[PDB]
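Right, one structure below, let's go through it.
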Ligand SMILES: Nc1ncnc2c1ncn2[C@@H]1O[C@H](COP(=O)(O)OP(=O)(O)OP(=O)(O)O)[C@@H](O)[C@H]1O
Ligand SMILES: Nc1ncnc2c1ncn2[C@@H]1O[C@H](COP(=O)(O)OP(=O)(O)O)[C@@H](O)[C@H]1O
Ligand SMILES: [Mg+2]
Ligand SMILES: [Mg+2]
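Right under this line is the structure:
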């Protein structure tokens, strides 16, 4: 239609109206006003016949293309849409009500899609191109953006925006979802309250962050909890929480304060309990020190499918930090610091369940010896395709952290809960 | 209400009339006098009337806000306040008697809090800002300051001021609280006077630093004492003490002076006693050398929950130094260097107790063997919930360090205190 030709002509004319870095750094309102003025002047020059609403829509589209996120803007604004999927400039899918459906939306060119994706990832200081075709990030809004570049994605740039959900689950919801039996809920409450050094492992999308947010509710209000996280996602209810946020390197690459520096500083900030948002670098090492030297009860999320895998990953993480420790020293440090590893995994049917509560008991040569206080035993599938399982206690009577439970008077609750279900 | 509104109006008028550039480097007394005159003129013009004391207090508060530290200045002045913790401009906490308590000291806005933090850090010739958000400094007063800027501190800049307490506890206080029986006090006096290579290990918040500072009171004044400590907590009263502190590397990663380097240099100062504030890394190794190769009489704290746990920790930290020393060599070094390990722990009721005063009598069967001279035996909680315990002397008539006590002519005090405790 004539609208497309008019938009193309307006874009071509405006291309020389300002530098690429001029509007990107200027005020958004000023840039929008300038774009509106330029669009009106171009329309008047071309004598394009359109209504005032049509002119406003054209101006909005021009602004979105110049500095926005292009034809994604209608989809991003919508609330019913949970996921946006762009498999090339000509394929856009959206998830509504749990159903994925195709949309008439289509980007102008694969180059436009690549430009928009680069804009989105740079929004958080990350860059995607032929030298880094894969880029996964979490936007400030909380949505997660995953981008694959042309050289990997044959059909064009592949973009996945999982929009943020502001709702937060609670231990009541987890027990009602059967993610943890009531006895498991009480034992986890004891673990959180007794200042045990948690490590909330889990798999991609398995619910580690939500589990950690629900577990932190067991922290005594008087304690000073300090939160280090790559993106604001935890919501503690404690009156005395301190929220820190790792600053990614700028476009030039300066000003990079990694989470390791944040933890190293928290060591000198008088925190009662350090809560690392997600251990994804060498900070693990420092965190373990904070776990082992004061700051009892520090938690931390980790990406690993099994507690043994989590321990192996932590050891490899400490090794990768460049510190010249031997493997046995790292294993000894892990044994000393970590108290209990909670494993959250997503079952084959898509449901999420806490599979293991594995207390690290000690070391034997090159193998860390641990005992599973709680284990999820699967038994089959329901007629609707859902998995069926039960949380069973391994019958341990005096877990290593029992002393801590005794120290805080939570001995009775643990004693009754851990043996109520077996 | 009325006072707050009047102060706000007066401050606005002064800011509109006072040029901040002149007060940036002008004399404090002259600037204060000018501010007081301007405030009086504004009050006369603004129909502000109050008591002479109220007007003087308002003028002083305005002057402090303009140039001083602001609303937290009275807290800094107060001795009773041990630690100040301001996370966000609207939440302030103080440590009183070891208890964290919120206060109604609310800053006007996060901008004022950032300005006050910048003023605080300026004293040490350092700057904290968006470019350099993390700052750690030791003010001339001895109070440590840690500041985090907005881009990292999500809920506003954070400021932790750990003031240097002067009223350090003495052995008289410790015996007053029954933390150590008077016989235990005499044994500790003998241990500290006779230059024993002792390690004061303890649990979180147990009182290791206070115990070490009480132990240091027993050293002959003529002895040259060199203290290496990150936080500068110890306060000795001898006339020939040398105080050193480490340096954390700048965010660029250069300038670090680890405790290891400090101790390695202290080896070349002919010190009579090396007193490491807290052993936390490979520096332990060097200390052990300084403990056995001259400088006999060293001391050093360490975070561990039991004498055997402390020894294992020392082995681990020596191992993590990158040296090729096997387990046997390290254990032999520890046995030959250390004499007395003092374990202080906090009990269920929050009361500190010197749980153990043990020796390291030797190495047998490839494991280090200890010998408890003083132990704490608990007899269950009382009807009030307080733990009931007694200090029991094992009755060992000939401790390994006995000869040392004899060399200084204190053997009679040792034999009396150790036996009378039975
Ligand atoms: N037990 C649960 N029951 C139902 N929904 C859950 C459960 N745990 C998590 N969820 C939901 O699953 C989605 C992903 O969970 P969450 O955000 O906690 O992921 P995560 O484990 O932190 O992921 P990542 O590995 O990417 O950091 C969110 O909608 C969360 O609300
Ligand atoms: N034996 C004791 N009795 C009573 N209070 C103590 C004792 N030892 C330490 N404290 C208190 O504990 C507080 C902190 O102790 P601290 O020196 O930090 O021990 P550590 O350095 O081992 O954590 C001090 O303010 C002090 O008042
Ligand atoms: Mg997460
Ligand atoms: Mg200390």
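Residue numbers (the entry's author numbering), protein chains in the order written: chain A, 80 to 501; chain B, 80 to 501. In this text, a Cβ means the ideal position worked out from N, Cα and C, and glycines have one as well.
Residue range of the unbroken beta strand (DSSP E) whose run includes residue i
| i | result |
| --- | --- |
| residue 435 (chain A) | 431-443 |
| residue 322 (chain A) | 320-324 |
| residue 242 (chain A) | Run containing residue 242 (chain A): none; DSSP gives neither H nor E here. |
| residue 44 (chain B) | As displayed, chain B neither begins before 80 nor continues past 501, which places residue 44 (chain B) out of reach and without an answer. |
| residue 280 (chain A) | 277-281 |
| residue 425 (chain B) | 419-425 |
| residue 186 (chain B) | Counting along the chain, residue 186 (chain B) falls outside any beta strand (DSSP E), and DSSP gives it neither H nor E. |
| residue 162 (chain B) | 162-166 |
| residue 305 (chain B) | 304-307 |
| residue 364 (chain B) | Not the beta strand (DSSP E): residue 364 (chain B) falls in the alpha helix (DSSP H), residues 362-371. |
DSSP three-state assignment for residue i, whether helix, strand or coil
| i | result |
| --- | --- |
| residue 462 (chain B) | coil |
| residue 272 (chain A) | helix |
| residue 116 (chain A) | helix |
| residue 379 (chain A) | strand |
| residue 294 (chain A) | helix |
| residue 123 (chain A) | helix |
| residue 156 (chain B) | helix |
| residue 352 (chain A) | strand |
| residue 100 (chain A) | helix |
Close-in-space but distant-in-sequence residues of the same chain around residue i (CB under 7 Å, 5 per side omitted)
| i | result |
| --- | --- |
| residue 347 (chain A) | none |
| residue 143 (chain A) | 149 and 152 |
| residue 265 (chain A) | 492 and 496 |
| residue 450 (chain B) | 437, 438, 440 and 475 |
Alpha helix (DSSP H) segment containing residue i, residue limits
| i | result |
| --- | --- |
| residue 399 (chain A) | 386-399 |
| residue 495 (chain A) | 490-499 |
| residue 313 (chain A) | Per DSSP, residue 313 (chain A) belongs to no alpha helix (DSSP H) and is neither H nor E. |
| residue 413 (chain B) | 406-416 |
| residue 198 (chain B) | 189-201 |
| residue 141 (chain A) | 131-145 |
| residue 23 (chain A) | Here chain A has residues from 80 to 501 only, and residue 23 (chain A) is not among them. |
| residue 254 (chain A) | 250-255 |
| residue 339 (chain A) | 338-345 |
Option nearest residue i by Cα separation, candidates the options
| i | options | result |
| --- | --- | --- |
| residue 139 (chain A) | A:164, A:163 and A:113 | A:113 |
| residue 194 (chain B) | B:340, B:207 and B:211 | B:207 |
| residue 437 (chain B) | B:325, B:388, B:458 and B:409 | B:388 |
| residue 281 (chain A) | A:135, A:115, A:93 and A:421 | A:421 |
| residue 82 (chain A) | A:104, A:116, A:133 and A:101 | A:133 |
| residue 279 (chain A) | A:461, A:378, A:398 and A:110 | A:378 |
| residue 328 (chain B) | A:318, A:344, A:313 and A:315 | A:344 |
| residue 298 (chain A) | A:225, A:316 and A:404 | A:316 |
| residue 274 (chain B) | B:168, B:374 and B:170 | B:374 |
| residue 397 (chain B) | A:255, A:292, A:403 and A:396 | A:403 |
| residue 356 (chain B) | B:308, B:365 and B:249 | B:308 |
| residue 376 (chain B) | B:323, B:484 and B:425 | B:484 |
Chain-order list of residues whose beta-carbon lies under 8 Å from that of residue i (same chain, five-residue window excluded)
| i | result |
| --- | --- |
| residue 89 (chain B) | 118, 121, 122, 125, 127, 137 and 141 |
| residue 321 (chain A) | 303, 304, 305, 306, 348 and 350 |
| residue 474 (chain B) | 497, 498 and 501 |
| residue 330 (chain B) | 211 and 213 |
| residue 411 (chain B) | 442 |
| residue 337 (chain B) | 325, 360 and 362 |
Bridge-paired residues (DSSP) for residue i
| i | result |
| --- | --- |
| residue 232 (chain B) | A:323 |
| residue 81 (chain A) | Note: residue 81 (chain A) sits in no beta bridge, so no partner. |
| residue 450 (chain A) | A:438 |
| residue 174 (chain B) | B:179 |
| residue 227 (chain A) | A:213 and A:237 |
| residue 457 (chain A) | A:468 |
| residue 208 (chain A) | A:211 |
Same chain, Cβ closer than 6 Å to residue i, five either side skipped, listed in chain order
| i | result |
| --- | --- |
| residue 93 (chain A) | 117 |
| residue 198 (chain B) | none |
| residue 383 (chain A) | 280, 389 and 392 |
| residue 263 (chain A) | 453 and 470 |
| residue 268 (chain B) | 297 |
| residue 166 (chain B) | 237 |
| residue 164 (chain A) | 172 and 239 |
| residue 472 (chain B) | 453, 497, 500 and 501 |
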